[PDB]
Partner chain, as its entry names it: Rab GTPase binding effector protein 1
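Given next, in C-alpha cells, is a single chain: the form deposited without the partner chain.
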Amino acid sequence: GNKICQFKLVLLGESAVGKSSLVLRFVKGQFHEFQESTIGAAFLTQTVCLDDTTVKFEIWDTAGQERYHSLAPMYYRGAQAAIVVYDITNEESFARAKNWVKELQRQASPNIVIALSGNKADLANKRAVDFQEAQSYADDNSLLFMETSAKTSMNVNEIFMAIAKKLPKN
C-alpha cells in the first residue's frame, strides 16, 4: 500500500533488563551477549510494513541507570508510545517498571500507548515474576503486555508491531 507514517517510541526500564538488546533485535536482527550499558540514550530507526502502511519507528533507547532518571522526560516528551521493560528473573526490576508506568501516566502525553515487556523470558527456569500476575497488572493499567526474549527473538517483532497497530488512526 502507499501510505506512510512515523512515530516516536521510547524504551524505559531498570539498567540491564535488555532495552538495548530488544531494539537491536528489532532494528538489526542482532543480539549481543556483551552489550555495554547505555549512556543517556541511543537512537535507532526501523521501517516496517503494516497492512497498507509503511511505518517508520523513531526509537529512543534510554539509559536505565538511576543517574540518568532526570533526563527521561527529554526522551518521553513527545513520544506516541513507550515500552517499559523488566527482567522476568528480577522482581525488583518489575517494581521499577511499575514506577516508570506511573511516571508516564502522570507526565507523558495523555494519549501515549504503553507496552510492558517481561524480557529475558528464555530464562524462565529462574523466573521471579509470575506471567499471570504481570498480565493482570497490565490489564488493570491498560498496558500491552508480552514476555519477550531479545536473545531468541521471542515476541520481539510482535510487541513492536502490536504497538504500531494500536496507534490512533482516525
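Positions refer to the first chain, counted from 1.
The protein also exists as the form deposited with the partner chain bound; that form is not presented, and the subsequent description refers to it.
Of the listed positions (41, 143, 108, 134), a single one reaches within 4.5 angstroms of the partner chain by any non-hydrogen atom in the deposited bound form, namely 41. For the candidate set 27, 128, 50, 123, a heavy atom within 4.5 Å of the partner chain in the deposited bound form is found for exactly one residue, namely 27. Exactly one of the stretches 65 to 73, 112 to 120, 135 to 143, 97 to 105 approaches the partner chain in the deposited bound form with heavy atoms within 4.5 Å, and it is 65 to 73.
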